[PDB]
Amino acid sequence: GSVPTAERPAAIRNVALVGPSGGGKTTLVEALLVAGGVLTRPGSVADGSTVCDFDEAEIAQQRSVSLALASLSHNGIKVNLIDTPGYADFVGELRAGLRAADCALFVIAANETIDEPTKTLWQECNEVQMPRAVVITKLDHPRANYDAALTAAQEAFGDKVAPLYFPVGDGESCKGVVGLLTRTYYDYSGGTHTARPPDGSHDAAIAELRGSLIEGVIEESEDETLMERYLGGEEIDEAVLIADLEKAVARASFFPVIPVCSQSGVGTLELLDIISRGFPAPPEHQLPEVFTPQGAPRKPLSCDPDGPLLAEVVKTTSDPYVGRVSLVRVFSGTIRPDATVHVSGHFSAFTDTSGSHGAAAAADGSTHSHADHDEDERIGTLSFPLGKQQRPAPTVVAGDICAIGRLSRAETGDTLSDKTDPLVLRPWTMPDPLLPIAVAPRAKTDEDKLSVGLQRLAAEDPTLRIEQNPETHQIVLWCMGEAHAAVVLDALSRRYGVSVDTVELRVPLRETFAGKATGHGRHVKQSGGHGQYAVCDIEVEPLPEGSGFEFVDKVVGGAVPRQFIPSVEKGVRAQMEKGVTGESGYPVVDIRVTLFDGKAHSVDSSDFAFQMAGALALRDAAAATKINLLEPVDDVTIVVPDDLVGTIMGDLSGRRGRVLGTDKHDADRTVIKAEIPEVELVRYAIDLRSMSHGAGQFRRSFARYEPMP
Amino acid sequence: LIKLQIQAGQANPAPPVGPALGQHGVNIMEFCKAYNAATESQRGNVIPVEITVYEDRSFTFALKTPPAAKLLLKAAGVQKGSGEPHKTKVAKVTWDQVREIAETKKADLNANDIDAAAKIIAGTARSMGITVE
Ligand SMILES: Nc1nc2c(ncn2[C@@H]2O[C@H](COP(=O)(O)OP(=O)(O)NP(=O)(O)O)[C@@H](O)[C@H]2O)c(=O)[nH]1
């Protein structure tokens, strides 16, 4: 159909659809687009004809793995649908979609109840005070009980959840719904949407539903006399109730329930009407706090095309022919083609908190550690995403989302604004991946481009963390889970031509002397030039942890020439650095070396010879005693339900974990604080999601180093 | 229908009571504030508290007398009990403190007379390896 174009931010809606993995979100989006006229017939995820599930990975996994955007205009109101994956491994994409949205939509099926991942998704949506609306789908399923799921929703997320539309079906294929506020029964039995008054088969239940909905809304209505009036017998006007419901939903105070038949197309039209009326506008939505480049807080801009230019890229995609396709979320100002705009790369200062080992701020890619970058780029032709097709856009007003190609250095999450007024929207919450994945490149040609490919990968996916080990010299990919790790590996192996092989993550270790010992170092070599002769008799004794390297001089009579003692010290330091345990010795710290005697030659004494003699003496002293191996430990804070406390505690008991305390996270979850050695945490996430029906959520942070038990 | 031992002036510890009271259908904040007020009125010793629950999630807390273990420990002047009772003796207790604790336990126990409670406290100190004189 026609390209949905909006000229005022009020007429634009940006709602992110969320839910469980495979909740039929893609089918719902296809049905809505067909109802919008863009698509002639509804696509099917199984057939792969859907607009949303167009990427290779989505069809390969037969489930949403990456988020997509669709644009629709209905009743003169444009809606920017944001379908997001429903699996925990892709939580960061869902959060990014939430940030770029002014509302949250939950697509759930009546035949299955609310799972714990859906509850955590509701919590995540709640902790931005986002408005949430409940959409029941898959009503064609035989086991689809709208009443049971509705109840569960009403009981779980407080009394603020009350249904808004009452379906009337046969229990197999819902033929239509009853409008509770409008007292109108919508019918689709003949294949046409017909709105007619209910015949009275549900009139008592309908009246009950209106009463409950009115009492719930009217409380949230500012008119406290409305409650009296309704309880006094006065019939509150339908338009007034509608407006009060719209305001309350814009206040993120109510969570209505609307049943939808994605397959049959039942309820799509009313659903679009509810999106266009009851949903908050970006002007109504509490726009995110906009910050100045230098960290000084700035007053948030009103959502208007005439205001100061303010936009934000929220997705980065790589295409072999088109190039980078960056989706830009605009909040204030107007974007016009060929204009030069300022690219604020997250200004990492706002994202430098925590980050564990990787200290991830934005776009990682250690050669690009932190983003914090500023650059002004001239944009090309504005476009809107329609699958792989890009509908050209004349101008981009505030409050809308657009796709821009050929962007050289634009990245996901970057704040776009006028170059004269650089701005910085508050960045989204980035989940920290805690599944390290060490890999090894197949060739140095791949390795050289590995930095560029990983930088671009983190530009596309801000949730992936990449850390290159400085001690073990291993490149390690931190991922959310099995699916996310697979996606990270595949995209690196294809989009950038970097052939890598996953290798074992090496946990850094430290070495120190376990006792006092002495070493005799001799370096005699008779080559074709000057002979070499240097002997050092050093004494190494243990030091308290963190004492570092101390040198004590006890040379008597100057047997070691005093010009070569610093060479002995340098050799000792180098030998500590190179390790003292075999061919794979870890750095030696917190030791003291006491050179008390030695031998030298009048002609064959050299600084290098004394360096070698000191290194060999240190090696002999290390071989003259035991060496302490120090392994690191990371504190782990876990949120798990109280019913599984014992299983996780016993699992940590088999994982040598030291329990620190069990803190009540809430009425049903307990925060568990414990420090676990990093070796035990290599596969902790996968086993935990097992030990928890996925409910297992934890964070880790390096604590200190301890010797191996 | 549970019973725990908790510090007088402290409320909401995570290991001992939190999850213990969470799965018994007991509101925790009201219990903590009332118990804190009562044990600040007492202000002297850590106390055992018995929780009785009803079908309407109503909770009733019963505060007993200070434990014989803690009372004997504070009356004898020591902090921790003997690791080898009846072999290593760490403290000495006279009959006056024994009779004070006996009156307290008479307020607590089913003993008909003070002497029975005194004998009970003497046995408690025997489990503590503390001489009663
Ligand atoms: N009965 C029924 N099945 C549906 C419906 N929509 C999708 N399905 C089925 O559910 C599976 C995919 O659903 P869904 O998870 O929503 O697909 P997705 O959108 O790609 N994943 P996600 O929901 O996480 O975004 C397929 O087997 C598909 O046939 C629906 O409306 N009714």
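**Remarks on the overall build of chain B**
Scanning chain B for helices and strands turns up 5 helices and 5 strands. Along chain B, from the amino end to the carboxyl end, the secondary structure elements read β-α-α-β-β-α-β-α-α-β. For chain B, the spread of C-alpha atoms along the principal axes amounts to about 50 × 30 × 25 Å. Buried residues in chain B amount to 38% of all 133 residues. Looking at chain B alone, contacts between residues at least 24 apart form 58% of all its contacts between residues at least 6 apart. On chain B, roughly 8,300 Å² of surface is accessible, and the fraction owed to carbon and sulfur atoms is 48%. Here chain B holds 16 positive side-chain charges and 13 negative ones, and the gap between their average locations is 7 Å.

**Re the domain arrangement of chain B**
Residues and elements named next belong to chain B. The assigned domain composition of chain B is domain 1 (1-64) and domain 2 (65-133). Summarising the inter-unit geometry, the C-alpha centres of domain 1 and domain 2 are found 25 Å apart. Between domain 1 and domain 2, the residue contacts involve 8 residues of the former and 7 residues of the latter. Interface area for domain 1 against domain 2, summed over the two sides, is near 520 Å², with a carbon-plus-sulfur share of 60%. The largest per-residue losses of area from domain 1 upon contact with domain 2 belong to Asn 45, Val 46 and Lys 64, which jointly make up 70% of the total buried on that side. The interface formed by domain 1 and domain 2 includes 0 salt bridges. Inspection of the domain 1/domain 2 interface yields 1 residue pair in polar contact. Broken down by class, the residue content of the side of domain 1 that touches domain 2 amounts to 4 nonpolar, 3 polar and 1 charged.

**A look at the packing of aromatic side chains**
Any pair of aromatic rings gets described here by the distance separating the centres and the angle formed by the planes. Residue and element names in this part refer to chain A. Under the defined criterion, the tally for this structure stands at 12 aromatic pairs over all chains. Geometrically, the ring pair formed by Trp 122 and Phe 157 is stacked, given 3.9 Å between the ring centres and 0 degrees between the ring planes. Here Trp 122, found in helix α4 (residues 116-126), pairs with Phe 157, found in the loop between α5 (146-156) and β6 (165-167); they are 35 residues apart in sequence, far enough to count as distant. For the residue pair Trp 122 and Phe 157, the accessibility class agrees, reading buried in each case. Seen in terms of ring centroids, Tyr 684 and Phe 698 are 4.7 Å apart; in terms of plane orientation they differ by 80 degrees. Their pairing is edge-to-face. Highlighted residues: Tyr 684 in helix α15 (residues 684-690) and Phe 698 in strand β33 (residues 697-707), separated in sequence by 14 residues. In this structure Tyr 684 comes out as buried when scored by relative accessible area, which is 0%.

**A closer look at the interface of chain B and chain A**
The extent of an interface is frequently quoted as the accessible surface area lost upon association of the parts. If you look at the interface, chain B gives 5 residues, while chain A gives 4 residues. Of the roughly 400 Å² buried where chain B meets chain A, counting both sides, 61% is carbon and sulfur surface. At the surface where chain B touches chain A, the tally comes to 0 salt bridges. For the pair chain B and chain A, the interface holds 0 residue pairs in polar contact. The residue makeup of the side of chain B that touches chain A, split by class, is 3 nonpolar, 2 polar and no charged.

**Re the site of the ligand**
Residue and element names in this part refer to chain A. Inspection of the region around the ligand gives 17 residues, with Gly 22, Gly 23, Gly 24, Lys 25 and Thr 26 positioned closest. Between the ligand and the protein, one listed contact pairs a nitrogen atom with a side-chain N or O atom of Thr 27 at 3.0 Å. Between the ligand and the protein, one listed contact pairs a nitrogen atom with a side-chain N or O atom of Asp 140 at 2.9 Å. Within the complex, 79% of the 630 Å² of free accessible area of the ligand lies under protein. Here the shell around the ligand gets 3 residues from one element, more than from any other, and that element is helix α1 (residues 25-36). Residue composition of the shell around the ligand, by class: 1 nonpolar, 10 polar and 6 charged.

**Some points on helix α8 (residues 238-250) of chain A**
All names here are of chain A. In this model, α8 (13 residues) spans 18 Å end to end at C-alpha, consistent with the 18 Å of a helix rising 1.5 Å per residue. If you check which residues of α8 are buried, you get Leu 241, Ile 242, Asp 244, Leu 245, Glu 246, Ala 248 and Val 249. In this structure, the buried residues of α8 make contact with α6 (203-220), α7 (224-231) and α9 (268-277). Put simply, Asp 237 is the residue that caps the front of α8, since its side-chain oxygen is 2.9 Å from the backbone nitrogen of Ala 239. Two residues or fewer after α8 comes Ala 252, characterised by a positive phi angle close to 55 degrees.

**Structural notes on the packing of helix α3 (residues 68-76) of chain B against helix α4 (residues 95-108) of chain B**
All names here are of chain B. At a minimum axis distance of 11 Å, the contact between α3 and α4 shows a crossing angle of 155 degrees. In this view, α3 runs roughly antiparallel relative to α4, as classed from their interaxial angle. In terms of crossing hand, the pair formed by α3 and α4 is right-handed. Of the residues in α4, those touching α3 at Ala 68, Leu 71, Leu 72 and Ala 75 are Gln 97, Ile 101, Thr 104 and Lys 105. For the contact of α3 with α4, the residue count by class is 5 nonpolar, 2 polar and 1 charged.

**Notes on the pattern of salt bridges**
Residues and elements named next belong to chain A. What the rule picks out here adds up to 35 salt bridges over all chains. Put simply, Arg 442 and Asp 501 hold a salt bridge, and the shortest N to O gap is 2.5 Å. With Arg 442 in the loop between β21 (435-441) and α10 (444-460) and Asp 501 in strand β24 (residues 500-502), the pair connects residues that are 59 residues apart, well separated along the chain. For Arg 442, a relative accessible area of 54% puts it in the exposed group. The closest approach of N and O atoms between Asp 687 and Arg 655, which form a salt bridge, is 2.4 Å. Taken as a pair, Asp 687 in helix α15 and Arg 655 in the loop between α14 (645-654) and β31 (658-664) lie far apart in primary sequence, 32 residues in all. On the basis of relative accessible area, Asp 687 is assigned to the partly exposed category, the value being 27%.

**Quick notes on the side chain of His 346 of chain A**
All names here are of chain A. Among the structural elements, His 346 can be located in the loop between β14 (340-344) and β15 (374-378). Among the polar contacts listed, one links the side chain of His 346 to the backbone oxygen of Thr 412, at a separation of 2.5 Å. Apart from the residues lying within four places of it in its own chain, the contact partners of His 346 are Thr 351, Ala 362, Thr 412, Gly 413, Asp 414, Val 424 and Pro 427.

**Describing the nonpolar core**
Residue and element names in this part refer to chain A. Of all hydrophobic cores here, the largest spans 81 residues; its most connected members are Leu 28, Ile 136, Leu 164, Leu 271 and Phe 279. The residues contacting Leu 271, other than those within four sequence positions of it, are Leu 28, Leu 32, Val 135, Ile 258 and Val 260. Core analysis: the second largest hydrophobic core is formed by 27 residues, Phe 513, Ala 517, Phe 549 and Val 580 among them.

**Re the UniProt feature "domain: Tr-type G" (unreviewed entry) in chain A**
Mapped onto this numbering, the UniProt entry annotates "domain: Tr-type G" (unreviewed entry) at residues 10-284 of chain A. Structurally, residues 10-284 of chain A comprises 36% helix and 19% strand, and the distance from its first C-alpha atom to its last is 8 Å.

**Here we look at unusual backbone geometry**
The backbone of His 346 of chain A shows a phi angle near 70 degrees, a positive value even though the residue is not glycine. Look at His 346 of chain A and you get buried, because its relative accessible area is 4%. Backbone geometry at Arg 57 of chain B places phi at a positive 60 degrees, although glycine is not the residue there. The exposure class of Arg 57 of chain B is exposed, given its relative accessible area of 63%.

Reading guide: rules and limits
- Residues numbered from 1 in each chain as written, not as in the entry; some residues may be left out.
- Chains lettered and ligands numbered in written order.
- Part of a larger assembly, values for the part shown.
- Heavy atoms only, no water.
- Helix = DSSP H or I, 4+ residues; strand = E, 2+ residues; numbered from the N terminus.
- Buried < 20%, exposed > 50% of the residue type's maximum accessible area, 1.4 Å probe, protein only.
- Contact = heavy atoms within 4.5 Å.
- Areas by Shrake-Rupley, 256 points an atom, 1.4 Å probe, with all protein chains shown as cover.
- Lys, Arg positive; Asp, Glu negative; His and termini not counted.
- Charge placed at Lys NZ, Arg CZ, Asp CG, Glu CD.
- Domains from an automatic or database assignment.
- Buried area = accessible area lost by both parts, 1.4 Å probe.
- Salt bridge = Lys/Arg side-chain N within 4 Å of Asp/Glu carboxyl O.
- Polar contact = N/O pair within 3.5 Å; in protein donor to acceptor, adjacent residues only side chain to side chain.
- Nonpolar A, V, L, I, M, F, W, Y, C, P; charged D, E, K, R; others polar.
- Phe/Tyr/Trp six-rings, centres within 6.5 Å; stacked < 30°, edge-to-face > 60°.
- Near = heavy atom within 4 Å.
- Expected span 1.5 Å × (residues − 1).
- Axes fitted to C-alpha atoms, helices over the stretch in contact; angles between N-to-C directions.
- Parallel < 35°, antiparallel > 145°, perpendicular 65-115°, else oblique.
- Left-handed = near helix turned anticlockwise from the far one by under 90°.
- Core = buried A, V, L, I, M, F, W, Y, C linked by side-chain atoms within 4.5 Å.
- UniProt positions renumbered as here; feature names shortened; annotations may be inferred.

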